[PDB]
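Remarks on the structure that follows.
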Amino acid sequence: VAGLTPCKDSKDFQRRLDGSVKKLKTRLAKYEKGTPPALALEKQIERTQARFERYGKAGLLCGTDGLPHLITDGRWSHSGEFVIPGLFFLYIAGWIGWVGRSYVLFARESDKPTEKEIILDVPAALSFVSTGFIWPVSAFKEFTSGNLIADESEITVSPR
Amino acid sequence: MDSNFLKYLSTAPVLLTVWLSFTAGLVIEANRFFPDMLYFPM
Amino acid sequence: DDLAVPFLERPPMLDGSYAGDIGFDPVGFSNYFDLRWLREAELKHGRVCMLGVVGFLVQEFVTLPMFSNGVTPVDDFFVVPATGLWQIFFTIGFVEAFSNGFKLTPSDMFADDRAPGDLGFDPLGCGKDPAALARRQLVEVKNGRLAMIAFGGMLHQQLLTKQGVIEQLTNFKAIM
Amino acid sequence: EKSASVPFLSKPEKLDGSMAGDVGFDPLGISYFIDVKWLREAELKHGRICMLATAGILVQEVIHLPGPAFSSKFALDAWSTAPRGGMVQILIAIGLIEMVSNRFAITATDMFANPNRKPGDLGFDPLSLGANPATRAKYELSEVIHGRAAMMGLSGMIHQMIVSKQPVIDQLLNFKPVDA
Amino acid sequence: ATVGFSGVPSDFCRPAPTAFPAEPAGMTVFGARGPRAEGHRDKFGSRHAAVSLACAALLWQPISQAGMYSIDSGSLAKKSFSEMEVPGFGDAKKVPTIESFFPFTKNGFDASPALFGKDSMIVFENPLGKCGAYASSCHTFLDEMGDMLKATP
Amino acid sequence: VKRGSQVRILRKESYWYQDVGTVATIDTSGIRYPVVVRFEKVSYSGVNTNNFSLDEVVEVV
Amino acid sequence: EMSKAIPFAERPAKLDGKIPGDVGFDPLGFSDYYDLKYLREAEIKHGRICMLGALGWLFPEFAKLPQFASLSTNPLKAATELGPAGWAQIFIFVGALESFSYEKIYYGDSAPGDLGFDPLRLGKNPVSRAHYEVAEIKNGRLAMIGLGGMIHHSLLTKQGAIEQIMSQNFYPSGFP
Amino acid sequence: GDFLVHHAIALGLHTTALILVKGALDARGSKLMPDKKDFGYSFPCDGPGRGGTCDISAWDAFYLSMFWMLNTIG
Amino acid sequence: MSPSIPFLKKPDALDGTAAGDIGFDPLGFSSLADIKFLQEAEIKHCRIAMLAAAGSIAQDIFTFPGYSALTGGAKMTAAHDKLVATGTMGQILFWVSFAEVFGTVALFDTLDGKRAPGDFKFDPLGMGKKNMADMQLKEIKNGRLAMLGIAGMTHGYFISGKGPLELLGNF
Ligand code: CLA
Ligand code: KC2
Ligand SMILES: CC1=C(C#C/C(C)=C/C=C/C(C)=C/C=C/C=C(C)/C=C/C=C(\C)C#CC2=C(C)C[C@@H](O)CC2(C)C)C(C)(C)C[C@H](O)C1
Ligand SMILES: CC1=C(C#C/C(C)=C/C=C/C(C)=C/C=C/C=C(C)/C=C/C=C(\C)C#CC2=C(C)C[C@@H](O)CC2(C)C)C(C)(C)C[C@H](O)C1
Ligand SMILES: CC1=C(C#C/C(C)=C/C=C/C(C)=C/C=C/C=C(C)/C=C/C=C(\C)C#CC2=C(C)C[C@@H](O)CC2(C)C)C(C)(C)C[C@H](O)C1
Ligand SMILES: CC1=CCCC(C)(C)[C@H]1/C=C/C(C)=C/C=C/C(C)=C/C=C/C=C(C)/C=C/C=C(C)/C=C/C1=C(C)CCCC1(C)C
Ligand SMILES: CCCCCCCCCCCCO[C@H]1O[C@H](CO)[C@@H](O[C@H]2O[C@H](CO)[C@@H](O)[C@H](O)[C@H]2O)[C@H](O)[C@H]1O
Ligand code: SF4
């Protein structure tokens with residue numbers, strides 16, 4: 001609706017579905033019924049039909065090409081297209097980074113940090129992996145306590 | 001189990017391979033049971 | 001001497017100084033809040049309700065010429081002009097502010113340690129006598145509590161029956 | 001030198017028998033690499049949740065809250081039919097409960113920072129039934145054994161419900177052996 | 001080696017306090033046992049929680065059946081407080097009331113002094129019906145085991 | 001500064017500029033760069049030790 | 001040593017409880033990093049903004065200026081309807097007010113939130129002044145929460161707060 | 001398609017700017033050769049010491065950006 | 001040992017001083033819960049069940065005018081439902097809850113040890129001044145018997161649809 005048409009009611013989308021199904025059926029016509037190839041092609045047809053129907057009902061918009069297009073501007077009617085998926089990413093990525101940083105510090109305060117970085121201490125690594133589930137509040141706590149950002153006078157820098 | 005063998009299994013390439021194989025299996029099974037998810041359903 | 005609830009201990013903060021104290025605080029509000037504030041609230045409620053009872057009685061028979069008469073005193077409020085109601089509200093606000101000396105909050109209401117309920121209102125000088133003062137303090141608090149309950153009853157029964165208090169008593173109809 | 005539960009395997013070194021329910025059962029040696037305090041906290045949480053889960057699956061088949069949304073004898077169907085907003089509210093409440101009960105120490109790095117913090121002790125004793133030293137040990141053992149039994153029972157209930165597609169009591173009263 | 005999941009930040013090189021609060025032994029029903037300010041247990045103890053809850057229930061009893069009840073028509077009739085019109089508030093003749101805090105009717109819940117009412121009542125469904133553990137019309141698990149043991153190939 | 005003390009480097013051209021090392025020895029003979037600092041981080045050339053002057057090192061807390 | 005707000009956690013170091021509105025609530029420790037005076041001034045300004053905003057979210061639903069009678073009771077719709085010129089004049093008024101705040105923050109030292117506005121001389125009594133400071137902070141906090149809720153409710157229902165309450169469409173139908 | 005090619009162009013502009021800005025700002029000196037201004041703008045290298053110092057000049061940064069500029073304009 | 005159960009040892013929390021204490025606690029609920037709470041609960045149940053049993057019998061014998069009209073001749077729990085719709089049960093519950101607020105306060109006084117369990121100091125006629133222990137034993141015994149009796153009456157009603165006396169007259 002933004003600048004395109006709903007995909008549930010687009011002749012282009014219907015034509016693409018028809019073409020895919022017809023290709024699969026032409027491939028199926030040369031195989032005996034009940035044979036593994038026939039069953040596989042039938043399952044492919046079912047998967048194609050389910051995918052197209054679900055895309056139609058999802059509320060996705062489709063252009064003249066007959067393919068779904070994504071509205072990644074912030075509109076709440078299309079949040080599931082970029083924003084919620086991206087929030088899940090950011091959660092997982094902050095988890096990974098936070099636990100990795102924690103393990104780096106843990107290995108830093110060890111007898112052999114390099115040995116701990118090549119041959120890992122997987123009990124402690126799994127500990128940190130577990131901790132990573134509240135990484136947003138933990139990272140902000142580190143920031144505000146001053147344990148995250150290092151001072152300008154304590155970081156090596158090249159001469160000007 | 002031998003502690004030396006366990007350290008070998010704790011070596012970086014073994015852990016990376018096992019962890020990434022586990023992640024690949026996770027993604028593959030997610031796509032096997034919930035395929036063609038181009039969007040979060042809302 | 002006698003306790004209101006024999007099977008409960010005398011509340012620690014209620015030491016009998018205040019009039020009408022029979023050790024009645026089973027839920028222990030005096031253990032949370034300042035008893036001076038609580039007694040000020042009690043006396044204000046009681047006085048408002050005494051006036052409210054007298055008003056419920058008079059309004060059902062006598063109506064001022066400027067105002068129209070509703071079926072019941074509770075409906076007189078809805079009949080009377082809104083501007084007039086607002087004027088009464090603001091006059092009451094000014095009266096409260098001036099009587100409390102612009103010390104209207106628990107923080108500063110008793111900053112001068114004035115006795116709860118003592119707003120310096122004795123035009124006729126009724127409370128000059130000390131013994132009469134104590135007896136009349138007891139009378140005031142007891143009548144105020146009775147008027148609190150009575151005003152609750154009158155309000156609710158008037159809302160139910162849609163008939164004045166005396167009209168209901170003269171034509172009593174059971175709810176069911 | 002040998003475990004009481006599994007005689008041929010050696011006694012788990014980290015299991016010293018202090019904890020309730022300790023029979024030396026740790027064939028895979030998780031306690032060697034994972035603190036037994038964390039493991040016992042996890043065990044008690046799992047057992048408590050499964051106690052409640054078994055009780056709920058058995059009770060909400062016979063008694064329900066008013067309404068078509070809550071009227072479902074089948075528990076897996078109740079999961080879907082119950083109001084989704086209510087379910088999300090329960091999830092948020094569980095999160096807040098975890099946070100406050102653990103006193104902001106909800107991670108593997110800080111959970112047992114306080115020496116006073118004991119495995120599984122969240123300060124929950126509303127009726128003060130656990131203040132009696134004589135019965136405290138018996139209560140602890142009963143809680144651990146109940147958690148274990150309820151964990152097994154809940155797992156069995158869920159999967160037998162997947163198979164039969166009928167409630168637990170209904171399955172036991174109208175049993176139909178699996179066919180394909 | 002390291003034993004993971006210790007719960008002690010110093011083991012994992014993480015920030016932590018230096019003096020941890022001691023744990024007092026006091027409980028509040030509908031509350032928790034833990035550090036509290038001095039006098040907290042005395043002022044807001046189990047007695048406070050329980051008596052406050054009793055007061056809350058007694059106040060719920062009027063609230064659950066909140067509404068203008070009138071017998072002017074000759075029968076007890078309930079009308080929502082929203083119906084009443086209030087002077088002196090301009091456009092808003094009808095103003096928020098207790099039903100705003102407690103929207104029972106909107107959700108179709110028949111509240112009562114006790115939580116549930118006639119229309120909205122806990123539903124008891126008898127699981128047994130007419131079944132019996134053995135030799136009953138219903139084919140039970142025990143019946144299955146007996147049949148299997150007495151079966152004929 | 002004394003032996004076995006943590007000192008932050010203040011030489012701009014240094015691989016360890018604004019980084020902390022441990023003083024291993026201080027030579028009082030009167031050479032240009034008396035103090036000797038050891039570092040845990042190796043430099044690009046592979047050396048973890050260097051000679052610094054007293055004005056190019058500051059004790060840390 | 002222990003926070004009042006969170007009894008099981010240590011008191012924030014910068015929040016010693018002396019400043020108005022301090023109960024030791026800083027679970028994420030903003031006070032350790034950012035300047036406490038700046039934070040206090042920002043909190044006071046946000047509270048004032050949201051107090052006026054919460055009052056004005058509901059006032060048009062009760063009465064409107066005769067010039068803006070046509071404008072919707074929905075505050076967001078009224079904002080859309082006002083037009084550039086009136087919004088420009090409001091913006092100039094707010095900027096003229098904020099010039100004083102700019103001067104007091106960047107070129108002056110004073111109690112946080114003190115712009116010299118006390119025309120009615122209600123802050124001269126120290127005890128009343130303390131109560132009023134804490135009351136301003138707390139009413140500002142409540143107004144912040146309430147006005148955020150109100151903005152989101154107006155987004156959802158596309159109606160005013162009182163209208164939403166009266167129609168009892170308390171529950172959402174999804175995103176707008 | 002225009003969206004995707006536009007973000008490819010953004011990548012190209014940003015990477016060319018990365019190479020050029022790094023060359024300009026590290027021209028006077030880096031941690032590898034902290035006295036680069038002494039050697040000038042377009043010296044060959046500093047030898048195989050310190051791990052190897054191939055293409056450690058600002059001229060080399062130009063030489064490396066020119067590949068990327070050609071890519072982006074392409 | 002236990003006077004009631006000779007082969008079982010006397011429960012630890014049961015000293016025998018309390019009225020009706022015969023060492024009967026084979027399952028050891030007294031070891032789980034505070035015995036003051038249990039005594040308060042037992043006395044409460046006793047009094048409620050005594051009133052309930054006497055009420056069932058007296059409702060069989062006689063019914064107040066008007067209440068019969070409102071309940072349509074329903075008995076026992078059916079009268080409960082009819083009069084819930086009527087609104088009378090609502091009044092009973094309101095005032096019983098009002099009593100039970102102070103009941104909670106009294107319960108916490110008992111748990112603090114100031115008040116004996118079940119002692120509300122209600123004896124306007126002064127019937128307990130002669131032998132309070134004797135009267136207390138009578139109260140506890142009659143209350144236990146009334147609990148069992150009200151159980152029997154209610155379940156007989158569930159079985160037959162008839163009140164206590166009507167059942168006895170039409171078994
Ligand atoms: C299936 C889809 C998919 C895939 C395969 C990837 C893959 C990748 N993304 Mg991701 N990404 C996706 C979807 C996906 N993304 C979506 C939908 C979004 C929109 C929200 C993003 C937004 C995003 C960002 C913002 C970044 C990436 C980055 C990356 C790369 C490195 C991630 C990493 O190292 O994590 C392991 C985690 C770490 C190393 C920790 C540090 C980095 C993370 C991302 C920080 C997260 C928290 C932080 C507070 C977020 C602030 C963001 C703000 C500054 C904009 C990697 C190739 C990173 C990249 O390209 O860097 C050059 C990167 O910074 N992605
Ligand atoms: C605490 C009670 C109270 C006080 C102390 C008080 C004092 C004063 C003073 C002196 C300080 C003046 C000068 C004044 C003047 C007017 N008062 Mg007022 N007044 C009070 C109460 C009411 C009520 C209930 C009504 C009312 C009204 C009017 C009208 C207009 C009449 C009209 O509209 O013809 C005028 C001119 C009526 C009204 O506005 O009716 C719509 C109306 O109903 N007043 N009033
Ligand atoms: C702690 C505490 C308190 C408390 C408390 C509370 C609320 C305690 C609640 C405890 C509960 C609910 C315990 C439930 C245990 C259930 C079990 C063991 C189930 C086992 C099932 C099995 C083996 C099975 C099975 C089966 C399967 C799978 C297959 C089927 O064909 C057959 C079958 C059904 C048999 C209170 C509030 C009082 C306060 C106090 O101050 C502190
Ligand atoms: C400085 C100073 C002066 C002054 C002054 C002035 C003019 C002071 C004005 C102060 C004002 C206007 C304060 C307003 C506070 C409003 C609040 C707290 C609203 C909360 C709303 C909530 C919680 C809500 C809500 C809701 C939500 C969100 C959802 C709804 O469904 C329900 C509901 C409605 C309940 C003067 C001029 C006298 C001079 C003097 O020398 C000193
Ligand atoms: C507090 C106090 C006072 C007082 C008082 C008051 C009001 C005292 C009231 C006392 C009452 C009402 C006592 C009632 C006891 C009833 C019992 C034992 C019933 C047993 C039923 C049985 C066994 C049965 C049965 C049955 C079953 C099972 C099923 C049926 O099919 C058959 C059958 C009927 C046989 C006064 C006012 C004096 C003041 C004084 O200062 C102190
Ligand atoms: C610019 C623009 C764009 C589109 C919309 C619009 C046209 C309106 C326009 C303006 C938008 C504006 C001004 C939006 C403002 C949003 C606001 C003010 C949102 C407010 C959000 C507030 C929130 C969450 C508050 C959450 C509070 C919580 C948890 C409190 C929980 C707590 C509890 C329950 C117990 C004690 C502890 C604690 C933590 C305090
Ligand atoms: C009490 C004041 C507390 C203020 C804080 C509230 C902050 C956040 C409130 C979020 C809105 C409530 O969430 C709500 O959305 C759901 C959308 O499916 C609703 O879902 C359901 O709600 C109503 C019944 O209660 C039905 O009339 C709706 O048709 C139905 O959608 C639920 O009522 C609730 O889960
Ligand atoms: S290879 Fe690199 S370093 Fe070796 S000489 Fe050629 S350029 Fe200089």
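In what follows, chains carry the letters A, B, and so on, assigned in the order in which the sequence lines appear, proteins first and then strands, with residues in each chain numbered from 1.
With salt bridges taken as basic N to acidic carboxylate O contacts below 4.0 Å, none links A:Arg75 and A:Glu81. Under a 4.0 Å N-O distance rule, the pair A:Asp12/A:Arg15 qualifies as a salt bridge.
Note that CE of D:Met157 is 10.5 Å distant from CD of D:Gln171, once rounded to the nearest 0.5 Å. D:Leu173 contributes atom CG, which lies 8.0 Å from atom OG of E:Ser136 (distance to the nearest 0.5 angstrom). A distance of 9.5 Å separates OG1 in B:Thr23 from CG in B:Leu16, rounded to the nearest 0.5 Å. Here the CG atom belonging to A:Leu60 is positioned 12.0 Å from the OG atom belonging to A:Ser10, to the nearest 0.5 angstrom. Here the CG atom belonging to A:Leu120 is positioned 9.5 Å from the NZ atom belonging to A:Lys116, to the nearest 0.5 angstrom. Annotation: the span from A:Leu70 atom CG to A:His78 atom NE2 amounts to 8.5 Å, rounded to 0.5 Å.
Using a distance-only test at 3.5 Å, with no hydrogens or angles considered, no donor-acceptor pair links the side chain of D:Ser72 to the main chain of D:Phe74. Checked by atom type and distance alone, the side chain of A:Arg16 pairs as donor or acceptor with a backbone atom of A:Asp65 at under 3.5 Å. The main-chain N or O of B:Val14 is never found under 3.5 Å from a side-chain atom of B:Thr11 such that the two would form a donor-acceptor pair. A distance-only check finds a donor-acceptor pair linking the side chain of E:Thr140 to the backbone of E:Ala133 [under 3.5 Å]. A donor-acceptor distance shorter than 3.5 angstrom exists from the side chain of D:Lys11 to the backbone of D:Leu15, with no hydrogens or angles considered.
By the disulfide bond (SG atoms under 2.5 Å apart) test, D:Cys50 is found to be paired with no residue, residues two or more places apart in sequence or in another chain being considered.
The aromatic rings of A:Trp76 and G:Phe175 sit tilted, their planes meeting at an angle between 30° and 60°. The aromatic rings of A:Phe133 and A:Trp95 sit tilted, their planes meeting at an angle between 30° and 60°. Taking the six-membered ring where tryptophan is involved, the planes of A:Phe106 and E:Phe12 are tilted, since the angle between them lies from 30° to 60°. Relative ring orientation between A:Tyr91 and A:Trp135 is described as tilted, the plane-to-plane angle lying within the 30° to 60° band.
Under 3.5 Å, the side chains of D:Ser31 and D:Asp26 contain a donor-acceptor pair of N or O atoms. Defined by atom type and a distance below 3.5 Å, a donor-acceptor pair is missing between the side-chain atoms of B:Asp2 and B:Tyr8.
Under the disulfide (SG to SG under 2.5 Å) criterion, the residue pairs touching residues 47-78 of chain A are A:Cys7-A:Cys62, with sequence neighbours excluded. Applying the ring pair (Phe, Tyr, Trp, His ring centres under 6.0 Å) test to residues at least two apart or on different chains, the pairs with a partner in residues 3-41 of chain A are A:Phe13-A:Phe52. For residues 148-180 of chain D, the ring pair (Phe, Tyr, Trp, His ring centres under 6.0 Å) pairs, not counting sequence neighbours, are D:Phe175-E:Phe141. Identified under the side chain to side chain donor-acceptor pair (under 3.5 Å) test for residues 40-61 of chain A, with sequence neighbours left out: A:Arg51-B:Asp36. Each disulfide (SG to SG under 2.5 Å) pair with one or both residues in residues 2-42 of chain B, not counting sequence neighbours, would appear here, but there are none.
The two residues D:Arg148 and D:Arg40 make their nearest non-hydrogen contact at NH2-NH2, 4.0 Å.
No more than 12 heavy atoms of other residues, nucleotides or ligands lie within 6.0 Å of NE2 in D:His46, so this atom counts as exposed by the packing criterion.
Under the 4.5 Å side-chain criterion, counting only non-hydrogen atoms from C-beta, D:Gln166 is not in contact with D:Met161.
Between B:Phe40 and A:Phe88, the distance separating the two ring centers is shorter than 6.0 angstrom. Here the two rings, on H:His7 and H:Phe3, have centers that are under 6.0 Å apart.
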### Task
Please report the C-alpha distance between D:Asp170 and D:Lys73 in whole Å, then the side-chain angles of each, then the deciding distance to 0.1 Å, and finally whether the side-chain contact (heavy atoms from CB on, under 4.5 Å) criterion is met.
CA-CA 9 Å; D:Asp170 188 37; D:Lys73 289 178 284 295; over 6 Å; no

